[PDB]
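Below is one structure, written out as structure tokens; comments come after it.
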Ligand SMILES: Nc1ncnc2c1ncn2[C@@H]1O[C@H](COP(=O)(O)OP(=O)(O)OP(=O)(O)O)[C@@H](O)[C@H]1O
Ligand SMILES: Nc1ncnc2c1ncn2[C@@H]1O[C@H](COP(=O)(O)OP(=O)(O)OP(=O)(O)O)[C@@H](O)[C@H]1O
Ligand SMILES: [Mg+2]
Ligand SMILES: [Mg+2]
């Protein structure tokens with residue numbers, strides 16, 4: 004039995020946003 | 193494993209400083225082995241080639257790999273990946289072990305960024321152990337070789353920032369093969385066409401001038417496209433033999455007739471490539487840098503622009519002039535960069551005259567639709583502006599047109615939003631900062647020039663403000679004739722319509738509306754008369775704008791700019 008290298012899923016990240024103000 | 197002699201040093205052109213360096217940093221370590229052994233010096237060198245994709249990095253490596261004649265080991269990053277746990281790292285180890293065993297040798301790690309990416313970001317185990325294996329492999333070369341037989345490692349990548357800093361430092365020489373200059377593009381065309389039959393009238397000086405944003409790979413397509421023009425006429429003669437052989447539009451028949459004669463071939467006569475084909479090939483080929491982000495050239499020409507002689511002279515002296523013949527403007531001391539701010543009341547031709555300049559200058563064109571670059575994320579709006587000027591600089595000369603620019607560069611005050619104040623400051627550095635943008639011509643169009651930041655409206659960013667105001671009585675005659683003749714009454718009636726006192730205060734947009742209201746009056750006249758003949762006895771009269779139709783439009787269309795002084799000042 005030989006263990007092969009297997010690729011997997013990726014992590015999730017965070018994203019900053021900018022919000023306008025009518026005042 | 194000897195390097196095939198299929199790519200020649202003549203196949204690479206336009207790079208001479210690079211070939212001058214490689215003569216002492218690649219040729220000398222590998223071919224001048226005895227000279228290094230006299231001093232007892234291990235001259236094991238590592239050269240990294242980086243630049244835009246298509247700048248002949250792979251061909252340069254293969255060109256100099258056949259010009260030396262030493263053992264060459266072409267390595268592609270995906271080829272050293274295996275399915276077993278330790279096979280992937282063993283393959284890289286065997287590459288450098290074989291190179292040392294075959295010293296002097298030349299290793300070419302093409303697309304090294306595929307396997308040598310940052311291990312401080314790509315937190316895996318195979319990927320990190322591949323990077324560590326290359327460092328160990330590149331250090332065994334410096335020590336395990338018999339002194340006098342050096343090994344040079346060549347690496348080519350168009351993303352040198354993805355390399356691990358611990359691996360990028362192991363390449364002593366980095367060569368930046370940028371986009372070819374005007375002199376370099378002439379040499380590349382000669383080296384691409386040296387085996388073709390040219391019509392002896394090819395002016396490569398003109399070809400280099402008409403390819404502002406091309407790289408070595410892009411110029412190959414122009415030669416490739418020009419070749420197909422010469423053989424276009426040899427396929428029509430082939431279709432004639434097929435069309436007349438037999439008794446669904448025309449293109450579909452061609453694909454079917456040629457399918458029938460699939461087992462039969464007709465020899466193509468040899469033909470030369472004329473200068474017209476080359477000039478036609480350049481238009482058909484879009485540069486790799488121009489694939490995305492560039493607007494289509496407007497169809498507006500100077501025949502569409504009436505009056506505005508003062509504006510036309512300024513735009514020809516400021517933009518069209520330096521673009522077409524930069525040599526003349528360089529002698530007098532004019533920088534190859536202009537900033538024009540077109541402003542005035544709406545409908546008077548600001549966008550129209552800036553679309554003719556983009557078309558008459560025959561340069562690359564990027565159009566921005568107001569606040570088109572703004573993004574909701576923190577850094578993506580300033581990044582779009584920086585990328586906007588990166589494309590324009592890479593494809594100079596280029597015309598950047600900001601339509602309704604007051605929404606992109608509002609005057610910086612305390613009450614201004616922080617997100618919209620960063621875009622203004624980003625544009626301040628791109629237009630005139632540490633990195634000069636020579637070859638980028640900026641045109642701005644707005645109705646509110648006073649709402650534009652005062653730092654933008656300075657020489658070097660938008661030096662000149664051209665006021666495009668309401669036409670005069672004499673100008674309205676030229677505009678109305680221009681609008682009419684570009685859309686099809715004679716000219717004597719157009720003069721009477723345009724000089725009428727009812728057209729007082731009409732702008733350029735109102736004259737275009739006046740012609741539309743005259744055409745609508747024509748259709749009503751056509752409609753009523755068509756029914757009367759049709760019902761009374768197969769009925770179609772010619773729709774033509776008569777002088778009676780112009781009378782209805784004059785009593786129907788009113789000016790739109792109610793207070794020009796509100797836009798005439800400031
Ligand atoms: N200076 C040049 N002289 C002649 N031909 C060139 C030159 N630069 C590029 N070419 C042509 O363009 C192509 C170069 O392909 P190549 O694989 O070298 O791309 P590249 O410049 O290395 O970009 P990448 O590194 O992204 O692959 C070839 O067809 C080559 O003939
Ligand atoms: N000098 C002119 N010659 C020919 N047509 C003109 C002229 N001025 C205006 N027009 C007509 O009016 C239209 C107005 O186009 P344009 O986008 O330039 O308006 P504008 O003057 O920039 O006003 P806005 O501030 O609303 O953009 C033109 O497309 C053309 O149909
Ligand atoms: Mg390449
Ligand atoms: Mg307009």
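Chains as they are written, first to last, in PDB author numbering: chain G, 4 to 26; chain C, 193 to 439, 446 to 686, 714 to 762, 768 to 800. Beta carbons are placed, not taken as given, at the ideal position from N, Cα and C, and that holds for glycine.
Can you tell which of the options has the C-alpha that lies nearest to the C-alpha of residue i?
i, options, result
"residue 498/C", "669/C, 654/C and 681/C", "681/C"
"residue 676/C", "656/C, 648/C, 667/C and 736/C", "736/C"
"residue 575/C", "5/G, 17/G and 24/G", "17/G"
"residue 377/C", "270/C, 231/C, 750/C and 405/C", "405/C"
"residue 390/C", "419/C, 607/C, 496/C and 398/C", "419/C"
"residue 458/C", "212/C, 478/C, 598/C and 430/C", "430/C"
"residue 543/C", "667/C, 579/C, 624/C and 504/C", "667/C"
"residue 777/C", "717/C, 762/C, 769/C and 794/C", "717/C"
"residue 751/C", "198/C, 769/C and 286/C", "769/C"
"residue 793/C", "366/C, 645/C and 749/C", "645/C"
"residue 292/C", "313/C, 342/C and 278/C", "342/C"
"residue 346/C", "231/C, 589/C and 299/C", "299/C"
"residue 26/G", "318/C, 613/C and 233/C", "613/C"
"residue 349/C", "261/C, 465/C and 301/C", "301/C"
"residue 568/C", "212/C, 650/C and 251/C", "650/C"
"residue 637/C", "237/C, 561/C and 439/C", "561/C"
"residue 791/C", "732/C, 753/C and 799/C", "732/C"
"residue 741/C", "238/C, 753/C and 788/C", "788/C"
"residue 14/G", "620/C, 314/C, 627/C and 564/C", "314/C"
"residue 796/C", "262/C, 647/C and 664/C", "647/C"
"residue 294/C", "336/C, 254/C and 278/C", "336/C"
"residue 605/C", "652/C, 572/C, 581/C and 246/C", "572/C"
Since residue i sits in a beta bridge, which residues does DSSP pair it with?
i, result
"residue 242/C", "349/C and 368/C"
"residue 297/C", "263/C and 343/C"
"residue 268/C", "302/C"
"residue 309/C", "355/C"
"residue 643/C", "540/C and 601/C"
"residue 276/C", "7/G"
"residue 390/C", "471/C"
"residue 790/C", "Answer is none; residue 790/C lacks a bridge partner."
"residue 663/C", "539/C"
"residue 638/C", "596/C"
"residue 650/C", "608/C"
"residue 774/C", "None, per the DSSP bridge assignment."
"residue 20/G", "575/C"
Among residues of its own chain, excluding the 5 on either side of residue i, which ones have a beta-carbon nearer than 7 Å to its beta-carbon?
i, result
"residue 524/C", "534"
"residue 558/C", "499, 500 and 518"
"residue 368/C", "242 and 243"
"residue 380/C", "205, 206, 372, 408 and 411"
"residue 322/C", "280, 281, 284 and 307"
"residue 384/C", "411, 412 and 415"
"residue 749/C", "none"
"residue 584/C", "624 and 628"
Under 8 Å between beta-carbons, which chain G residues line up against residue i? List them in chain order, please.
i, result
"residue 429/C", "Chain G residues near residue 429/C: none, gap ~54 Å exceeds 8 Å."
"residue 271/C", "The premise fails here: residue 271/C is roughly 16 Å from chain G at the closest Cβ pair, so nothing lies under 8 Å."
"residue 280/C", "8"
Note down, in chain order, each residue of its chain lying with its Cβ closer than 8 Å to the Cβ of residue i, except the 5 sequence neighbours on either side.
i, result
"residue 724/C", "671, 674 and 675"
"residue 784/C", "722, 725, 727, 728 and 739"
"residue 423/C", "466 and 469"
"residue 218/C", "237, 239, 256, 260, 298, 344 and 346"
"residue 287/C", "265, 267, 272, 299 and 329"
Excluding the 5 residues preceding and the 5 following residue i in the sequence, name in chain order all residues of the same chain whose CB lies nearer than 6 Å to its CB.
i, result
"residue 374/C", "400"
"residue 640/C", "537 and 598"
"residue 309/C", "354"
"residue 661/C", "537"
"residue 245/C", "350"
Which residues in chain C have a C-beta closer than 7 Å to the C-beta of residue i? List them in chain order.
i, result
"residue 23/G", "615"
"residue 6/G", "277"
"residue 18/G", "575"
Give the interface partners of residue i over in chain G, defined as CB-CB distance under 7 Å, in chain order.
i, result
"residue 318/C", "8"
Curious, which full-length alpha helix (DSSP H) runs of at least 4 residues does the stretch 542 to 618 of chain C contain?
-> 548 to 558 and 578 to 592
Entirely enclosed alpha helix (DSSP H) segments - the stretch 464 to 529 of chain C, minimum 4 residues = 473 to 482, 507 to 513, 519 to 522 and 524 to 529
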